[PDB]
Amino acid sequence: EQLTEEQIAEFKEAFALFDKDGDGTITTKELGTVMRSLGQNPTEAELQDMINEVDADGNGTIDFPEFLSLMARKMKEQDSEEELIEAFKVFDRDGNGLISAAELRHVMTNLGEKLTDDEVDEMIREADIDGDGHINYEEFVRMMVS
């Protein structure tokens, strides 16, 4: 077990958007066509680095198996990032992108933890990198995964 016929069909449809000429491979040129359509104009060197990250056999192009492997893993990545984003936006009660001590304390009380200002201040100091006494999303992620 691994993938349904419907999952493979949608991966194949995604691959086809890149594989302009239908030869079963994605070249640097084709990847460039797609990004250019999206508003980015990478150089050949930048495109090569992108292919090199996903071209497992080193033949210079990305085939469908290589694209399935990298995509399926990107979607695990994305599912874990979404979980940290949702957790953050809850802590960040006013939506300003900074969890304050007051916000952290309120949400911790709802999570069943009645903490003092000093306790909360220590939690933030542990995670605070830029020294503003607040936790931004990078600081939050960094702490949560490490």
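Note that residue numbering begins at 1 and tracks the sequence as displayed.
According to the PDB record, 82-90 carries the higher mean C-alpha B-factor of the two stretches 82-90 and 63-71. Stretches compared: 73-81, 39-47. Higher mean C-alpha B-factor in the entry: 73-81. If you compare the C-alpha temperature factors of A101, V54, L111, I26 in the entry, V54 comes out highest.
Placement of the Cα temperature factor of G133 within the chain: middle third of the modelled residues, per the deposited record. In the PDB entry, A9 places in the highest third of its chain by CA B-factor.
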